[PDB]
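Have a look at the structure below before the remarks.
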Amino acid sequence: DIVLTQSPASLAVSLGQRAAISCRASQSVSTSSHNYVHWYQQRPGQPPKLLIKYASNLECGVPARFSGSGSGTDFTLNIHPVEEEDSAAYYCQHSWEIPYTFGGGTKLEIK
Amino acid sequence: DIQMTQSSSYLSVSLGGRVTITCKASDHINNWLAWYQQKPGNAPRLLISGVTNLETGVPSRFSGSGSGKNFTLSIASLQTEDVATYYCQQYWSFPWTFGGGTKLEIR
Amino acid sequence: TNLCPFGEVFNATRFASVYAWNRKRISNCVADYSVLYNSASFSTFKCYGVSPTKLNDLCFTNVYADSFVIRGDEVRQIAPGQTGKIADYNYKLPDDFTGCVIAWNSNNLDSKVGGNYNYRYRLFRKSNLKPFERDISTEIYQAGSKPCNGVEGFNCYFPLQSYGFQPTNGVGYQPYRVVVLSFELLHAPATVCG
Amino acid sequence: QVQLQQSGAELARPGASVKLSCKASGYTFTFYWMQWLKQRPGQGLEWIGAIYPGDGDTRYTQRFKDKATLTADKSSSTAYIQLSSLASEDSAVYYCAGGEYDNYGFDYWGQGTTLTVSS
Amino acid sequence: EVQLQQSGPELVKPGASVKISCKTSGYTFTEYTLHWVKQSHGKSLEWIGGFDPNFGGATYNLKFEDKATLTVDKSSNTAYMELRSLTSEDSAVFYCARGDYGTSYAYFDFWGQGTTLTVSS
Amino acid sequence: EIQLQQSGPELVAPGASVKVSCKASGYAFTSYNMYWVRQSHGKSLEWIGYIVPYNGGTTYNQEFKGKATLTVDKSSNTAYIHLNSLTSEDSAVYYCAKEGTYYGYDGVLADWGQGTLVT
Amino acid sequence: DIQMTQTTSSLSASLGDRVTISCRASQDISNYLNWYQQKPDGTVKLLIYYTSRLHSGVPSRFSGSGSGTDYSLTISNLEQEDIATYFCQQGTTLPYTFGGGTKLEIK
Ligand SMILES: *[C@@H]1O[C@H](CO)[C@@H](O)[C@H](O)[C@H]1NC(C)=O
């Protein structure tokens, strides 16, 4: 099975600067044309919602500030403006084999 | 060495009508049947691989049918390019025996 | 009186890929091989070393049921002796094979209008495979450029490339869910019967 | 690359039991057989048995049928042979070996544990 | 728009079966899978498995072949999940995701409310 | 395209031996069982056997195992049949024909050669 | 119970020599005999798997032959790397019974 662990699990950021949440994979979950890791967002008391599909291509209906990238095993997320709307947990994912495992997820608390 | 038969070696129908060829097999074959068409002086061509599935490149007037031991072919409305023989074939056990055959003539 | 499941490896819902093929060893059976025949859906049913009318009247020691999804064209590399990408880098059958390569057609199942990037196959390897050998090393491949640092530049590729499975591809680029039954005919206590 | 690393040498008293180990890592352990072999010093190998770790099935021989029992661990990717009711008979080198296609020999070989029995 | 609705919350006695509904509304039913996701009070999300309505089967995670099953009703556009043989640790909130066309899912687009499930006496 | 050509018509006396070629070009020659079949004039077809081209392992019919023997050459992409000890009863048209490129069942014949009218 | 009957227990020559090693089967084992190689520290590795020359990752000196019930491995030219006890094997019935072993040592 493929396990994912996200570090830093405790991320506190001020309103001006960017964030950087990581997803480290076990196997090289990557091919020559796709990267098989996705990103999510979960507010407390809310169902999750998609941010990215296939680790770079951006989902329709987002504020166009969440855009991550990564090659091979290490993948990162970038949120350059941060607001009060971005106070939630952000899970990772992979779609390599048939157990799809969501990651742990880090809480982004504004300063 | 399974034997396979046909109804008549000559089945003569008129133009545009219907023809129903009959092929009875000796032993039990599940669906593994073929058909052919040999216009005289040339090589045969596979028409209906399997008992019902038509191959790519044949007109859709042809329609295989039947199961068990007796299978039938049926042409919807005959033209003048289908006045050849029609060999029934099994492919179950190794001596993949062909049928008798029925040359056609318009009447 | 227990009939061993071909309802778990044949009409399964999702087949694994070519670089990682499944295998379910089937043992202690009354094996009804008659549901395999009575279908026109099974496109190719080639049995090597054993006549297909005598499957119901034979007893073996082990039955290996391998499973994967390849293109239409490649359903003729799963055979003793052939070469090509599927049969040297992904899944090689031995020369003295005693099995029954079965493969139907499923384009209603394994294809999307934009593409199906789940099934993958291998592209390059240093040595071609030994019989029944499986490797799932997805490392960023050493093809040359002898200092390799992972970042996938010139002369270093990923060893997997996905399939493009759309309904509008013809027949040569459609998924054909192969199942390779492999009988182990070794002089032993006979396990699977008729 | 694939290697089969085996345990170290052991000591056993007559009446006790040893449980050897051969950690298979480098290929798919749960797909192919794992065959234990026995070499008395100065003589050829003798096939003790084999184990298919996918379902946990055993192929014992007739002589080693009840003293030797085979179990394997799917998660840890290693195989165990449990010699019970020992004697001065079983002072021999025990090997582990396995391959993908059994009609084409046994490809990968272990190192071998030297088992001594005295007091 | 495309949206999914589940049943209400429910408390569970140990050793019982609960049928979790998921009523979908807004798209053609037989072109999209319905996966189920379990999340246990702030722990990590885990994938149970999804149905394939054009094929008529399901693909469970191997740690959930024992206690989960997926049945759908193609006429009234509802997908069900029944949990049997449950311990007390299998008390969570259960989500009803939406995937892609069959054996092609990689992301989960639209989600439901989620029925929180509690096990006690 | 997928083209199969053979030799021309033959003419030998009773009690002789012939061989006719069958040169395949347009596909991977090592990947189809090249069959054979005999068709007398005004009657149905009758089998001879098949040869698997990468190995050379031949299978023959029951009534034809004495006369016809097949061989193959992977370099020239030719499949030969060697007919021995003929009569006037063995005067027919001989085809070489592979199976369908996407069908795969062991006995259908989806593209046929021309035919050498042997006398 | 096929029992392999390896003929010799010790065979000696010098460098540059061509040395064959024989192994005789009990019944008709029908070309499923291997050949192994054991350097004295304890490492064992396969040399040829099928009888008919198919070798696995070794130098091309080792090439055995034979059919029926009599088989023999041979080395074209040997060196100081080629010192071992060489087992034969049978693969058609249980139990897999190995040969005795011909110890090599430089004369
Ligand atoms: C798989 O399921 C279908 C559905 O009824 C059935 O027709 C078919 O025979 C099954 N195949 C096997 C091998 O059991």
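Identifiers in this document derive from the order of the structure tokens: chains are assigned A, B, ..., residues are numbered from 1 separately in each chain, and ligands are numbered from 1 in order of occurrence.
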Taking the chain letters and numbering used in this document, name the residues of segment 1-109 of chain E that DSSP puts in strand (DSSP E), as a PDB file with C-alpha atoms, in the first residue's frame.
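Below you can see out-v5.pdb, which holds the result:
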```pdb
ATOM      1  CA  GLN E   3     -25.796  17.627  -5.742  1.00  0.00           C
ATOM      2  CA  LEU E   4     -26.063  14.595  -3.480  1.00  0.00           C
ATOM      3  CA  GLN E   5     -28.094  14.117  -0.311  1.00  0.00           C
ATOM      4  CA  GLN E   6     -27.770  11.396   2.319  1.00  0.00           C
ATOM      5  CA  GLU E  10     -27.972   7.692  13.550  1.00  0.00           C
ATOM      6  CA  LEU E  11     -26.763   5.997  16.732  1.00  0.00           C
ATOM      7  CA  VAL E  12     -25.854   2.313  16.435  1.00  0.00           C
ATOM      8  CA  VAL E  18     -27.578   0.230   8.987  1.00  0.00           C
ATOM      9  CA  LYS E  19     -28.557   1.158   5.410  1.00  0.00           C
ATOM     10  CA  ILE E  20     -27.039   4.546   4.530  1.00  0.00           C
ATOM     11  CA  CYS E  22     -27.495   8.526  -0.933  1.00  0.00           C
ATOM     12  CA  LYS E  23     -30.083  10.153  -3.196  1.00  0.00           C
ATOM     13  CA  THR E  24     -28.464  11.757  -6.244  1.00  0.00           C
ATOM     14  CA  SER E  25     -30.152  14.347  -8.454  1.00  0.00           C
ATOM     15  CA  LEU E  34     -20.502   6.747  -6.471  1.00  0.00           C
ATOM     16  CA  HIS E  35     -17.684   6.135  -4.013  1.00  0.00           C
ATOM     17  CA  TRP E  36     -17.976   6.185  -0.234  1.00  0.00           C
ATOM     18  CA  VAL E  37     -15.444   7.751   2.131  1.00  0.00           C
ATOM     19  CA  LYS E  38     -15.184   7.236   5.900  1.00  0.00           C
ATOM     20  CA  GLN E  39     -13.687   9.826   8.254  1.00  0.00           C
ATOM     21  CA  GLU E  46     -10.152   6.620   4.042  1.00  0.00           C
ATOM     22  CA  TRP E  47     -11.652   5.233   0.838  1.00  0.00           C
ATOM     23  CA  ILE E  48     -14.243   2.481   1.269  1.00  0.00           C
ATOM     24  CA  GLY E  49     -15.067   1.646  -2.341  1.00  0.00           C
ATOM     25  CA  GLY E  50     -17.341   2.618  -5.187  1.00  0.00           C
ATOM     26  CA  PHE E  51     -20.082   1.157  -7.345  1.00  0.00           C
ATOM     27  CA  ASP E  52     -20.073   1.051 -11.149  1.00  0.00           C
ATOM     28  CA  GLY E  57     -20.256  -4.233  -9.434  1.00  0.00           C
ATOM     29  CA  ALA E  58     -18.189  -2.631  -6.678  1.00  0.00           C
ATOM     30  CA  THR E  59     -14.523  -2.280  -5.750  1.00  0.00           C
ATOM     31  CA  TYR E  60     -14.011  -2.406  -2.002  1.00  0.00           C
ATOM     32  CA  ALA E  68     -19.145  -3.137   3.787  1.00  0.00           C
ATOM     33  CA  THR E  69     -21.432  -3.732   0.822  1.00  0.00           C
ATOM     34  CA  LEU E  70     -22.753  -1.454  -1.923  1.00  0.00           C
ATOM     35  CA  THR E  71     -26.185  -1.837  -3.526  1.00  0.00           C
ATOM     36  CA  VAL E  72     -27.848   0.680  -5.839  1.00  0.00           C
ATOM     37  CA  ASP E  73     -31.339   1.206  -7.251  1.00  0.00           C
ATOM     38  CA  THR E  78     -30.307   6.005  -5.084  1.00  0.00           C
ATOM     39  CA  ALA E  79     -27.132   4.308  -3.864  1.00  0.00           C
ATOM     40  CA  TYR E  80     -27.014   2.403  -0.575  1.00  0.00           C
ATOM     41  CA  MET E  81     -24.332   1.073   1.743  1.00  0.00           C
ATOM     42  CA  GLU E  82     -24.916  -1.461   4.493  1.00  0.00           C
ATOM     43  CA  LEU E  83     -22.438  -1.935   7.330  1.00  0.00           C
ATOM     44  CA  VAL E  93     -19.127  10.257   9.534  1.00  0.00           C
ATOM     45  CA  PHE E  94     -19.739   8.567   6.185  1.00  0.00           C
ATOM     46  CA  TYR E  95     -19.441  10.535   2.952  1.00  0.00           C
ATOM     47  CA  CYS E  96     -20.935   9.830  -0.486  1.00  0.00           C
TER      48      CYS E  96
END
```
*Taking only C-alpha atoms and all ligand atoms into account, report as a PyMOL selection string which residues have an atom no farther than 7 Å from an atom of ligand 1.*
chain C and resi 6-7+10-11+35-36
Dump of N, CA, C and O atoms for the selected residues, as a short mmCIF file (atom, residue, chain, number, x, y, z; two decimals), in the first residue's frame:
```
data_model
loop_
_atom_site.label_atom_id
_atom_site.label_comp_id
_atom_site.auth_asym_id
_atom_site.auth_seq_id
_atom_site.Cartn_x
_atom_site.Cartn_y
_atom_site.Cartn_z
N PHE C 6 -14.64 -18.57 -10.63
CA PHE C 6 -14.36 -17.77 -11.80
C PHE C 6 -15.27 -16.56 -11.84
O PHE C 6 -15.23 -15.79 -12.80
N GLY C 7 -16.08 -16.37 -10.81
CA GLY C 7 -16.87 -15.18 -10.63
C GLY C 7 -16.17 -14.12 -9.83
O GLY C 7 -16.80 -13.16 -9.40
N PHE C 10 -12.88 -13.42 -13.42
CA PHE C 10 -13.29 -13.16 -14.80
C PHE C 10 -14.21 -11.95 -14.91
O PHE C 10 -13.88 -10.98 -15.59
N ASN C 11 -15.36 -11.97 -14.25
CA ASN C 11 -16.26 -10.81 -14.29
C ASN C 11 -16.00 -9.91 -13.08
O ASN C 11 -16.91 -9.53 -12.35
N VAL C 35 -18.86 -22.42 -18.30
CA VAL C 35 -19.30 -21.04 -18.43
C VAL C 35 -18.32 -20.21 -19.23
O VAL C 35 -18.65 -19.09 -19.64
N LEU C 36 -17.11 -20.73 -19.47
CA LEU C 36 -16.15 -20.04 -20.32
C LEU C 36 -16.48 -20.19 -21.79
O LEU C 36 -16.29 -19.24 -22.56
#
```
Got a sec: who's within 8 Å of segment 27-38 of chain D, counting only C-alpha atoms, leaving out chain neighbours fewer than 3 positions off, as a compact mmCIF listing (two decimals) with N, CA and C atoms, in the first residue's frame?
```txt
# COMPACT_ATOMS: atom_id res chain seq x y z
N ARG C 23 -2.68 -12.24 -9.68
CA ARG C 23 -2.64 -13.68 -9.83
C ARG C 23 -3.38 -14.30 -8.65
N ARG C 134 7.60 -10.37 -12.44
CA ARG C 134 6.90 -9.11 -12.23
C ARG C 134 7.81 -8.14 -11.50
N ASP C 135 7.84 -6.91 -12.00
CA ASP C 135 8.59 -5.84 -11.35
C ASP C 135 7.73 -4.58 -11.34
N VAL D 2 17.38 -8.51 -6.42
CA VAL D 2 16.65 -9.34 -5.47
C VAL D 2 17.62 -10.26 -4.74
N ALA D 24 12.45 -12.69 2.37
CA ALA D 24 12.43 -12.45 0.94
C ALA D 24 12.03 -11.01 0.66
N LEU D 45 21.59 -32.05 -1.46
CA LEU D 45 20.44 -31.39 -0.90
C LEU D 45 19.24 -32.33 -0.85
N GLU D 46 18.37 -32.10 0.12
CA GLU D 46 17.13 -32.86 0.25
C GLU D 46 15.99 -31.86 0.39
N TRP D 47 14.97 -31.98 -0.45
CA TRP D 47 13.85 -31.05 -0.45
C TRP D 47 12.94 -31.29 0.75
N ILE D 48 12.89 -30.33 1.67
CA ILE D 48 12.03 -30.46 2.84
C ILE D 48 10.58 -30.21 2.47
N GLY D 49 10.33 -29.11 1.78
CA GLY D 49 8.97 -28.77 1.40
C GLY D 49 8.92 -27.44 0.70
N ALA D 50 7.70 -26.92 0.56
CA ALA D 50 7.49 -25.64 -0.09
C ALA D 50 6.23 -25.02 0.49
N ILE D 51 6.10 -23.71 0.32
CA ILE D 51 4.94 -23.00 0.83
C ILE D 51 4.55 -21.90 -0.15
N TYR D 52 3.25 -21.85 -0.49
CA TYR D 52 2.68 -20.77 -1.28
C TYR D 52 2.12 -19.73 -0.32
N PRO D 53 2.77 -18.58 -0.15
CA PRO D 53 2.36 -17.66 0.91
C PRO D 53 1.09 -16.90 0.61
N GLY D 54 0.57 -16.97 -0.61
CA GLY D 54 -0.63 -16.26 -0.99
C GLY D 54 -1.88 -16.75 -0.28
N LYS D 74 2.82 -12.78 5.36
CA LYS D 74 2.61 -11.98 4.16
C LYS D 74 3.05 -10.54 4.35
N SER D 77 6.95 -10.19 4.83
CA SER D 77 7.64 -10.73 3.66
C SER D 77 8.80 -11.65 4.05
N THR D 78 8.47 -12.67 4.83
CA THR D 78 9.44 -13.68 5.23
C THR D 78 8.73 -15.00 5.47
N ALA D 79 9.50 -16.08 5.46
CA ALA D 79 8.95 -17.42 5.60
C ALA D 79 9.64 -18.14 6.75
N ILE D 81 10.28 -21.88 9.00
CA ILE D 81 10.26 -23.33 9.13
C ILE D 81 10.46 -23.68 10.60
N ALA D 92 22.40 -29.90 10.38
CA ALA D 92 22.63 -29.73 8.96
C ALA D 92 22.34 -28.28 8.58
N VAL D 93 22.76 -27.91 7.38
CA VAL D 93 22.62 -26.55 6.87
C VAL D 93 21.24 -26.49 6.22
N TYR D 94 20.47 -25.47 6.57
CA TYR D 94 19.15 -25.30 5.99
C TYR D 94 19.10 -24.08 5.08
N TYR D 95 18.64 -24.30 3.85
CA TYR D 95 18.64 -23.28 2.82
C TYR D 95 17.22 -22.82 2.57
N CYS D 96 17.08 -21.65 1.95
CA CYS D 96 15.81 -21.22 1.37
C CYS D 96 16.05 -20.87 -0.08
N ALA D 97 15.12 -21.27 -0.94
CA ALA D 97 15.27 -21.04 -2.37
C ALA D 97 13.89 -20.96 -3.01
N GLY D 98 13.80 -20.17 -4.07
CA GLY D 98 12.53 -20.00 -4.76
C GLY D 98 12.75 -19.37 -6.11
N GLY D 99 11.73 -19.49 -6.96
CA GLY D 99 11.78 -18.95 -8.29
C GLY D 99 10.39 -18.67 -8.79
N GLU D 100 10.32 -17.97 -9.93
CA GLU D 100 9.02 -17.62 -10.48
C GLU D 100 8.40 -18.77 -11.25
```
_Computed interatomic separation between atom CA of residue 46 of chain C and atom CA of residue 178 of chain C (Å)_ = 11.4 Å
*Quick one: which residues from chain C are at most 12 Å off chain F, using only C-alpha atoms, as a PyMOL selection string?*
chain C and resi 37+40-49+51-52+71-84+95-96+100-105+170-174+176
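Taking atom CA of residue 8 of chain G and atom CA of residue 61 of chain G as the two end points, the separation is 21.1 Å.
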*Determine which residues of segment 3-61 of chain C receive a DSSP assignment of helix (DSSP H, G or I), computed from the backbone, and state them as a list in words.*
residues 34, 35, 36, 37, 52, 53 and 54 of chain C
I need the chosen residues saved as a compact mmCIF listing (two decimals), in the first residue's frame, with N, CA and C atoms.
```txt
# COMPACT_ATOMS: atom_id res chain seq x y z
N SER C 34 -17.45 -24.79 -18.18
CA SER C 34 -18.47 -24.67 -19.21
C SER C 34 -19.06 -23.27 -19.31
N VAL C 35 -18.86 -22.42 -18.30
CA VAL C 35 -19.30 -21.04 -18.43
C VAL C 35 -18.32 -20.21 -19.23
N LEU C 36 -17.11 -20.73 -19.47
CA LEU C 36 -16.15 -20.04 -20.32
C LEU C 36 -16.48 -20.19 -21.79
N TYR C 37 -16.98 -21.35 -22.20
CA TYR C 37 -17.29 -21.61 -23.60
C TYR C 37 -18.52 -20.84 -24.04
N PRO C 52 -9.15 -27.68 -26.16
CA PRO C 52 -10.17 -27.01 -25.35
C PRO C 52 -11.42 -27.83 -25.12
N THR C 53 -11.57 -28.95 -25.84
CA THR C 53 -12.71 -29.82 -25.58
C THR C 53 -12.42 -30.81 -24.46
N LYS C 54 -11.17 -30.89 -24.02
CA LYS C 54 -10.79 -31.79 -22.94
C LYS C 54 -10.44 -31.06 -21.65
```
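Closest approach to chain C among E:28, E:115, E:54, E:120: E:54, based on only C-alpha atoms.
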*Which residue gives the smallest distance to chain G among C:131, C:115, C:99, C:153, with only C-alpha atoms counted?*
C:131
Give me, as a tab-separated table, each residue of chain C that comes within 12 Å of chain A, together with its shortest interatomic pair and the distance in Å at one decimal, counting only C-alpha atoms, with rows ordered by chain and rising residue number.
```
residue	atom	partner	partner_atom	distance
C:13	CA	A:98	CA	11.6
C:14	CA	A:98	CA	8.9
C:15	CA	A:98	CA	9.7
C:16	CA	A:97	CA	8.3
C:17	CA	A:97	CA	9.1
C:19	CA	A:97	CA	11.4
C:20	CA	A:97	CA	9.5
C:21	CA	A:97	CA	11.6
C:22	CA	A:98	CA	11.9
C:116	CA	A:34	CA	11.7
C:117	CA	A:34	CA	8.4
C:118	CA	A:96	CA	7.5
C:119	CA	A:96	CA	9.5
C:120	CA	A:31	CA	9.1
C:121	CA	A:31	CA	10.4
C:122	CA	A:31	CA	10.4
C:123	CA	A:32	CA	10.8
C:136	CA	A:27	CA	9.7
C:137	CA	A:27	CA	8.4
C:138	CA	A:28	CA	5.9
C:139	CA	A:28	CA	6.2
C:140	CA	A:28	CA	7.7
C:141	CA	A:28	CA	11.0
C:149	CA	A:72	CA	11.6
C:150	CA	A:72	CA	8.0
C:151	CA	A:71	CA	7.2
C:152	CA	A:71	CA	8.5
C:153	CA	A:71	CA	11.4
C:156	CA	A:32	CA	10.6
C:157	CA	A:32	CA	7.1
C:158	CA	A:32	CA	5.6
C:159	CA	A:31	CA	7.6
C:160	CA	A:31	CA	5.8
C:161	CA	A:31	CA	5.9
C:162	CA	A:31	CA	7.4
C:163	CA	A:33	CA	10.7
C:164	CA	A:33	CA	11.2
```
Residues just named, written with C-alpha atoms as a PDB file, in the first residue's frame:
```pdb
ATOM      1  CA  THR C  13     -15.093  -4.925 -11.782  1.00  0.00           C
ATOM      2  CA  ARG C  14     -11.593  -3.488 -12.251  1.00  0.00           C
ATOM      3  CA  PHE C  15      -8.594  -5.322 -13.665  1.00  0.00           C
ATOM      4  CA  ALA C  16      -5.067  -4.445 -12.652  1.00  0.00           C
ATOM      5  CA  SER C  17      -2.547  -3.049 -15.095  1.00  0.00           C
ATOM      6  CA  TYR C  19       3.196  -3.838 -15.124  1.00  0.00           C
ATOM      7  CA  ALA C  20       1.435  -5.230 -12.014  1.00  0.00           C
ATOM      8  CA  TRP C  21      -0.771  -8.150 -13.065  1.00  0.00           C
ATOM      9  CA  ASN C  22      -2.812  -9.950 -10.442  1.00  0.00           C
ATOM     10  CA  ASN C 116      -8.528   6.672 -19.168  1.00  0.00           C
ATOM     11  CA  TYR C 117      -5.135   7.122 -17.514  1.00  0.00           C
ATOM     12  CA  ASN C 118      -5.411   4.277 -14.990  1.00  0.00           C
ATOM     13  CA  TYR C 119      -3.876   1.413 -16.961  1.00  0.00           C
ATOM     14  CA  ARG C 120      -0.136   1.656 -17.557  1.00  0.00           C
ATOM     15  CA  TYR C 121       2.591  -0.359 -19.237  1.00  0.00           C
ATOM     16  CA  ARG C 122       6.388  -0.356 -19.313  1.00  0.00           C
ATOM     17  CA  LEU C 123       8.631   1.154 -21.932  1.00  0.00           C
ATOM     18  CA  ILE C 136       6.886  -2.713 -10.043  1.00  0.00           C
ATOM     19  CA  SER C 137       9.968  -0.502  -9.726  1.00  0.00           C
ATOM     20  CA  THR C 138       8.673   2.918 -10.801  1.00  0.00           C
ATOM     21  CA  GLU C 139      12.024   4.645 -10.339  1.00  0.00           C
ATOM     22  CA  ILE C 140      13.125   7.491 -12.583  1.00  0.00           C
ATOM     23  CA  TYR C 141      15.019   5.388 -15.050  1.00  0.00           C
ATOM     24  CA  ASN C 149      19.641  13.250  -9.727  1.00  0.00           C
ATOM     25  CA  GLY C 150      15.971  12.463 -10.242  1.00  0.00           C
ATOM     26  CA  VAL C 151      14.730  15.685 -11.838  1.00  0.00           C
ATOM     27  CA  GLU C 152      14.015  13.904 -15.189  1.00  0.00           C
ATOM     28  CA  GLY C 153      16.066  15.913 -17.652  1.00  0.00           C
ATOM     29  CA  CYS C 156      16.347   9.984 -18.320  1.00  0.00           C
ATOM     30  CA  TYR C 157      12.697   8.961 -18.631  1.00  0.00           C
ATOM     31  CA  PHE C 158       9.914   7.530 -16.535  1.00  0.00           C
ATOM     32  CA  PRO C 159       9.625   3.799 -17.258  1.00  0.00           C
ATOM     33  CA  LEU C 160       5.829   3.874 -17.408  1.00  0.00           C
ATOM     34  CA  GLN C 161       3.564   5.564 -19.886  1.00  0.00           C
ATOM     35  CA  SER C 162      -0.170   5.399 -19.638  1.00  0.00           C
ATOM     36  CA  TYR C 163      -2.675   4.095 -22.148  1.00  0.00           C
ATOM     37  CA  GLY C 164      -5.076   6.402 -23.935  1.00  0.00           C
TER      38      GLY C 164
END
```
*State, in Å with one decimal place, the distance from atom CA of residue 108 of chain D to atom CA of residue 20 of chain D.*
18.0 Å
